[PDB]
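This document starts with two versions of one protein chain, written out as C-alpha cells and named structure 1 and structure 2.
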Structure 1
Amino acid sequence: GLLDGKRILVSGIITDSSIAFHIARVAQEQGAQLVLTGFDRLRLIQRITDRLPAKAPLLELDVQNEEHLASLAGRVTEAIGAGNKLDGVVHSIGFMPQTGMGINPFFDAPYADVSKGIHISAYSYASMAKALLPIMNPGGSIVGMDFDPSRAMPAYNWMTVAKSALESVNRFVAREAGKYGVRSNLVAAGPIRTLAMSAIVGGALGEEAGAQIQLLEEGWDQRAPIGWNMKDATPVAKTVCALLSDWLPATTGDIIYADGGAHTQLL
C-alpha cells in the first residue's frame, strides 16, 4: 500500500460527498491507519464514517474553539496510543457565510462574516499545524485543500480571498513544519459536485448563479487537456495521498494542481 503503516489525521468529513471522505477511503485502501476529526454534527459523522473500509477513532474539533485545539494533541495520542505519532495531517475544512460567497454583492459582505470565513478556511491551517506538529514524525506531511484563487471569478468572492490567504499561510506553515522534518502543501482541486454545488446548479441560488456554475464546469472540462469530471472525487483523493506518501519528499510550501490541467490553458 502507498501509505502502509502511516498514521494520518483527516479532518473535514461531514457527508459521504465530502472530499475528505474520499481522501480517507483511498488512504485506508492504501494501508493508512486514520484518526478522523469532525465538527458539530458528530452523530451524523459517526454514521458516515462507519461506511469507510476500516475502523478509525473520531475526535471532535471545532477549529474556532481554543480548548479543542489546546487538547487536540493529547486526544490524538490517546486515540493512536502513547509512543505513536502521526505521519500525516489532512486539512479539508472551509467555510464562508453566504454574505461573502454566492449571490450577495462582493461589497456587501460584513467583515464579521468574512473574518469567520478566514478563521475557518485559512488561519485554522496554521492552528492545526501548531497543535499537531509536536506529535508528528520526521518525514511527515500536512496537506490542505485549495481552489486556485490567482484570478477573480463570479460568486466565489470572499472565499477566493480566503484561499489566497490560505496559500500564504501554507508557505509559512512550511517554514515551521520543516523544523520537524515535515512537509506542508495544498492540493488545488477543480470543481467537485458536492451536495452544495449540485443544489446551486439545480437553482438554489437562482437562475443566474446556476448558469454561472454550469459555465464554470463546462469551461473547466473544455480547458483541461485530460478533461475534468466534476462528479469524480477520486483523482483529487489520490493526489492528496501522493503528497502524504514518501514519493514527493522534496516538495513543501507548495501547491499541486489536481484540476485536469485546466489552470495551464487559457482556452
Structure 2
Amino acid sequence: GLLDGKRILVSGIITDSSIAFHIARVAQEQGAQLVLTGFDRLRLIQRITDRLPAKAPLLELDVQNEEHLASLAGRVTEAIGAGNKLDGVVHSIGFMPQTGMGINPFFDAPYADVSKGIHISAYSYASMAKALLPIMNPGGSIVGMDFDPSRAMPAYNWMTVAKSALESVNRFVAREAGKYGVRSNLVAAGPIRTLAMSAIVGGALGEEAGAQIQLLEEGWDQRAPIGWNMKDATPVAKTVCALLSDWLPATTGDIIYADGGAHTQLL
C-alpha cells in the first residue's frame, strides 16, 4: 500500500475517463481512504464513483462558489471524522470556454471567457489549498494537473495561458504550504482522451479535430522515448500517487512530467 492509511481528497471526477477517476482508483488500490469532490452533476458523478474499487464520500465542490470553498474543510472533516486530517489533495480541475480553444481565433476570445477558464483552471488551485491546508497533516501533499505550457501550440490557446498561470500559482502555493509541512506539485501529463479532450478540445476544433488529435497522438508517442498511449491514464495516475506518497518528500513548488519524456525531446 503506497498510500496505506492516507486520507486523500480527490477532485475532478466527471466520467470514468477523467484523470481524477484513475487517480482515485489507483489511490484506493494503494490503501488510501478518499473523499471525492464533484461539480454540477453530483448525481451522475455519484453513479460513476460507485464504480471505484471502494466506497468514498462525495462532496459537492464548484471552485467558483465561495460558499462551497468556505464550508469545504468542515464538510471534509464530517466525512472523514473529527480529529482526522487529510494527508493529500488532488486538484484535477480544468475549464476553458470553447471561444478560448481550437480553431476559434486566439484574439477573438473575450476576457470574460478567458477569466472564467483561469479562475477554474489556475486560481482554484490556490483557493482549494487555502480551504484545505487548515485540515492537512504535516508531510501532506497537494497535486494539481498541468499540461506543459512552456511553448505555444495549436488548439490549446488560452488553456496554455491558464496552465502557465497554474504553474506560477503552484510555486506560491508551495510557499504557503511549506508553513504546514505540506508539499505542492503539479503533474504535467501527456494527452489522455477524457471528456475535456472530447467536448472542450475536440468540440472547439470542429473540422480540424480529427487531424489535430491524430497528429498530437502520433507525434507525442514518437517524441516520447518510451512511447505514449493517449487511452491509458494509469501512468499519470501512478505519478500523482507517487507525489501523494512519502517517496518524493523533498519536492515542492515543482512539476513532475508524466508525458513519456516527450517534453525532453525536440523530435
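All residue numbers here follow the sequence of structure 1, with the first residue given the number 1. Only residues modelled in both forms are compared. Just so we're on the same page, rigid core means the largest C-alpha set that superposes within 1.5 Å between forms.
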#### Entry: Moved residue between structures 1 and 2 - picked from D50, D40, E208, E66, where its Cα shifts 2 angstroms or more relative to the rigid core
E208
### Task
Classify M197 as shifted (yes) or not shifted (no) between structures 1 and 2, where shifted means its C-alpha moves by 2 Å or more with the rigid core superposed.
yes
### Summary
Between-form comparison on the rigid core puts the Cα shift of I103 between structures 1 and 2, in Å, at 1.5
### Message
When the rigid core is overlaid, by how much has the CA of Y257 moved between structures 1 and 2, in Å to one decimal?
### Response
0.2
### Query
Core fitted, what stretches of 3+ consecutive residues have C-alphas moving by 2 Å or more between structures 1 and 2?
195 to 210
